[PDB]
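Chains as they are written, first to last, in UniProt numbering: chain V, 3 to 58; chain A, 3 to 96; chain H, 18 to 93; chain Z, 2 to 136; chain Y, 200 to 249.
Even for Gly, the Cβ is constructed at its ideal location relative to N, Cα and C.
Okay, structure first, notes after.
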Amino acid sequence: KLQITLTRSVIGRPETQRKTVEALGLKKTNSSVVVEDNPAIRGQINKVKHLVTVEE
Amino acid sequence: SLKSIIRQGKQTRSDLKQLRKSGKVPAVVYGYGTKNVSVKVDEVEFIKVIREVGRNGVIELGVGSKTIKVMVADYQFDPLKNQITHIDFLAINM
Amino acid sequence: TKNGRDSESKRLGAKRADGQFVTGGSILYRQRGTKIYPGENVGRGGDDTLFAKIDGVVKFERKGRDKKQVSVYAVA
Amino acid sequence: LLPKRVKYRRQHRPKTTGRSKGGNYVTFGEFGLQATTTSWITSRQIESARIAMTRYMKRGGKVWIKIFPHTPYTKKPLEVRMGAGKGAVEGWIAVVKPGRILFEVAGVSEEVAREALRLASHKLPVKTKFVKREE
Amino acid sequence: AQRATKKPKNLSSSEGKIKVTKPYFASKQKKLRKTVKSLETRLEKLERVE
RNA sequence: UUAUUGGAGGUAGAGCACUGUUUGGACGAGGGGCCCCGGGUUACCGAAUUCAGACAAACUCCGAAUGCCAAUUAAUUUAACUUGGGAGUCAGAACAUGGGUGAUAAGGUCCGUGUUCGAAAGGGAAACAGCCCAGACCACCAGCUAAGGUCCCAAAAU
RNA sequence: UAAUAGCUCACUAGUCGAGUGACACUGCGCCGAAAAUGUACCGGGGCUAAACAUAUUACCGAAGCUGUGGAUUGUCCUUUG
RNA sequence: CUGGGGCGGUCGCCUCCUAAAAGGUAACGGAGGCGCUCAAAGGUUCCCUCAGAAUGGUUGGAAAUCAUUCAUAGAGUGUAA
RNA sequence: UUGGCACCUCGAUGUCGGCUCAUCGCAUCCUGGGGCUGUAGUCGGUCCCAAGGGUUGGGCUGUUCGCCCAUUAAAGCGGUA
RNA sequence: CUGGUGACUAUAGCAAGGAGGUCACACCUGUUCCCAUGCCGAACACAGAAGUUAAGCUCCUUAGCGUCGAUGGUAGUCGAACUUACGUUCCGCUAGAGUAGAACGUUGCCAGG
Ligand SMILES: [K+]
Ligand SMILES: [K+]
Ligand SMILES: [K+]
Ligand SMILES: [Mg+2]
Ligand SMILES: [Mg+2]
Ligand SMILES: [Mg+2]
Ligand SMILES: [Mg+2]
Ligand SMILES: [Mg+2]
Ligand SMILES: [Mg+2]
Ligand SMILES: [Mg+2]
Ligand SMILES: [Mg+2]
Ligand SMILES: [Mg+2]
Ligand SMILES: [Mg+2]
Ligand SMILES: [Mg+2]
Ligand SMILES: [Mg+2]
Ligand SMILES: [Mg+2]
Ligand SMILES: [Mg+2]
Ligand SMILES: [Mg+2]
Ligand SMILES: [Mg+2]
């Protein structure tokens, strides 16, 4: 289980990445979201890891 | 006709690049005996041994277990840079 | 100059993917010649289109290394 | 230096990024010339360089050019607004990427070879270096 | 019409560097070529006969 | 949207297995100029064969990553379609990338992809629509940071 | 020089009293470098670091985020908030 | 229509490439065809498998036709690719 | 310079030469300072520094250019819509 | 084991050498009627079994050609960070060629022994 913070904006980032952000549940910058460690969500990490900071 | 050797686990285009910058060449050893090993060897030692015992002389390779009798089936060499990039050691029959 | 023309494109290729459910008479793969052959419950039209004849499920397949085929298999 | 016949006289102009698909290891002769940089090379440059080497060396000597300009290139007529097709041919080019061997030379000593290929290097648009064979 | 656009002979620096009159001459060339179009039209309007 | 599975497709690369191009050799298949029916040649070599090295948008024995199409699957998300009322838009621009044209020129032109501008203010780039950071309901003599920076102009390390 | 001739270099021997060369890959830099109103491509002062590279710690810094209060429109709770 | 207009060229359809491995994708970007033909060159049933080279052989590239062997496709597929 | 682009200007940015008045650049025509010379000397060739000042009057042509007469230390190349 | 007949990407094939036969299959004897060849019983088809393993067929061995083919490394590349350099740096995938090597087929149903 882990929390996921959107530390870095989506202005200037493609719509793929923006979509993963919405799917994760991140809506503003420096917003956090707690989820489980599905590999389905590890892929959502890896698409946007440069936008994101994860903590466990 | 001797090379001391290290074994390498998995590698990337930064670990491998740092080795081959340091002057250590990657290689494999496969053939008649053991199954297969991925190794580091020293570029300078390898050069000296080949200038000594020929393009196809026989070599004793101290992988970390006992020495293995090998020869060079193929070498990937980098022109514009003048250094060896990968080596294939064919562990020969007896 | 002596050039500057080209014809309309014809929208060739696959039109229903593999592992997909398909009704009768459904186009699968428009083409020119047997780029892909038929298989089971598939017919080849005059212009070499490939159409299902029965409802079922699509599976593109092998027919010997330079030859594919396509089969619409029933389901239950 | 030209091809005798080609199917398409108006080609796209080639790619210049990357490195050699081949022609890197000196094969025929003893010494060679190796590009450190990328550019195009023409019939004209090749004739000049080859003349330079063959004059610097006596009749004792053997040269192997290792490139050929297959690819033509265009230039429009002068004082012409853009568009309206594609221009006629005015030359033929071999692309060169770093690594590739341009000239190889056999029948001499390394000093003579160095000076000849030095003289030739100044007649190409490319930085070169001098190569010997391998192991 | 082709002559209409090309510079004359022995026209020096100031006259050659003049560059404002290009449209004048281009329009004169269009006029003469329009006339060739008229004649070609007449030629087509001729009653062909075999 | 991702994970997984499957699938179509022939790109970058690479390669010469066909199509065309091409280097240097070994033979040659027999011609040609010239000498006297035949026989010669410091020569073209049309070719055939073969060894080695090379070229390709309209060559491919081969063949990626990506992207795409779906799934009796799982997770996260919150949109999608239909019917009707009402519109506006059909001059687009720069930047990055893949490519054409051009001169591997243009703040060039035309396409693909993406972002921004348009329609978007704020901080940096001296100033500077499109670059980088970032998306303003309002107030606050409160705080943490980004990009970018810390000698003075000019806030923060001489 | 007219050939001569003159004179040197190589090649060596003698003094010394420690280093001395030639090959290659690299980093940073040097000239190449001449334009028209006025220094005139660090923004300026000015800097031999106040530059460059590498590593680290602090900090400033937006109308971003947070804190506090207020308006509006929705959703969940909720009688009332 | 158009890298001003004009001349030149083009206007509809088909096939390649540009076209960036779905599809689609522009330019006065590059190469070519079409405005038909076939009562069989259609339908069906039976059977057959080519081109090219070497060799042998009259009128001789033995290229006409023949015989054999090789040859998996380089022939042919009415007609562009 | 001949060109490409077509970003500014279409509810107006007025052409060529000449006259008047200058100004900057230097890739220096002269004068100045030097190296080399295949510089004996006078004259020259060439190249480096140098932009302080100076740098002609007429004939033809609307002409700039150009040719010519006669001089001059020299009869400069260009930017400034 | 032989034969018939399907299935699998030639790992199955090509090539060379060798071997066997009246129980199969073959070649083989002839045109007798069915039937047939831009001409011939070569082929097709039929009445056959005197004859022969030569050939086709099948079996054994060999890795010369073909086919398949890792690991490792490389080119390339989605994405990200720097910068405009015919680019670099990090991650993930991942060739092609080749190298070692695999392989001179394996099964399924049926009739015979
Ligand atoms: K050069
Ligand atoms: K927007
Ligand atoms: K105007
Ligand atoms: Mg039809
Ligand atoms: Mg390619
Ligand atoms: Mg290609
Ligand atoms: Mg533009
Ligand atoms: Mg607008
Ligand atoms: Mg803004
Ligand atoms: Mg702070
Ligand atoms: Mg301060
Ligand atoms: Mg300090
Ligand atoms: Mg806010
Ligand atoms: Mg035009
Ligand atoms: Mg224009
Ligand atoms: Mg496509
Ligand atoms: Mg435009
Ligand atoms: Mg006004
Ligand atoms: Mg006067």
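Strictly under 8 angstroms for the Cβ-Cβ distance: is residue i near chain Z by that measure?
i, result
"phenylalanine 79 of chain A", "yes"
"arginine 57 of chain A", "yes"
"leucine 4 of chain A", "no"
"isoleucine 52 of chain A", "yes"
"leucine 21 of chain A", "no"
If you draw a straight line from the alpha carbon of residue i to that of residue j, how long is it in whole angstroms?
i, j, result
"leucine 67 of chain H", "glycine 41 of chain H", "11 angstroms"
"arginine 22 of chain A", "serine 6 of chain A", "17 angstroms"
"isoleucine 102 of chain Z", "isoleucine 52 of chain Z", "18 angstroms"
"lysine 85 of chain H", "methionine 83 of chain Z", "48 angstroms"
"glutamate 249 of chain Y", "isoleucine 53 of chain H", "57 angstroms"
"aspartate 80 of chain A", "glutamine 13 of chain A", "19 angstroms"
"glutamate 47 of chain A", "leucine 4 of chain A", "8 angstroms"
"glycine 73 of chain H", "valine 59 of chain H", "11 angstroms"
"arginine 119 of chain Z", "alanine 89 of chain Z", "35 angstroms"
"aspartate 23 of chain H", "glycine 63 of chain H", "24 angstroms"
"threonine 9 of chain V", "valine 35 of chain V", "12 angstroms"
"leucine 53 of chain V", "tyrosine 9 of chain Z", "49 angstroms"
"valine 50 of chain V", "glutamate 135 of chain Z", "48 angstroms"
"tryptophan 41 of chain Z", "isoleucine 94 of chain Z", "6 angstroms"
"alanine 91 of chain H", "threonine 18 of chain H", "56 angstroms"
If we cut at 8 angstroms on Cβ distances, does residue i have a partner in chain A?
i, result
"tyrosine 26 of chain Z", "yes"
"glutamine 35 of chain Z", "yes"
Please list, in chain order, the chain A residues whose beta carbon lies closer than 8 angstroms to that of residue i.
i, result
"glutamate 135 of chain Z", "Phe79"
"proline 99 of chain Z", "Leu82"
Counting Cβ pairs closer than 8 angstroms, one from the stretch 97-117 of chain Z and one from the stretch 29-48 of chain Z, do we hit at least three? yes
Length at least 3, wholly inside the UniProt domain "Large ribosomal subunit protein bL25 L25" (7-91) of chain A: the beta strand (DSSP E) runs in chain order: 26-33, 38-44, 61-64 and 70-80
Counting Cβ pairs closer than 8 angstroms, one from the stretch 68-85 of chain H and one from the stretch 58-72 of chain Z, do we hit at least three? no
Quick one: which unbroken beta strand (DSSP E) runs of 3-plus residues sit fully inside the stretch 7-54 of chain Z? Chain order, please. 32-36 and 40-43
Quick check: the stretch 24-41 of chain A against the stretch 79-96 of chain A, are there 3 or more CB pairs under 8 angstroms? yes
With a threshold of 8 angstroms, are at least 3 pairs of Cβ atoms found where one atom belongs to the stretch 7-19 of chain Z and the other to the stretch 67-80 of chain A? no
Would you check if there are 3 or more beta carbon pairs closer than 8 angstroms linking the stretch 113-128 of chain Z to the stretch 39-46 of chain Z? yes
Complete alpha helix (DSSP H) runs within the stretch 14-46 of chain V (minimum length 4 residues, chain order): 17-26
Enumerated in chain order, which unbroken segments of the alpha helix (DSSP H) with a length of 4 residues or greater are wholly contained in the stretch 100-132 of chain Z? 111-122
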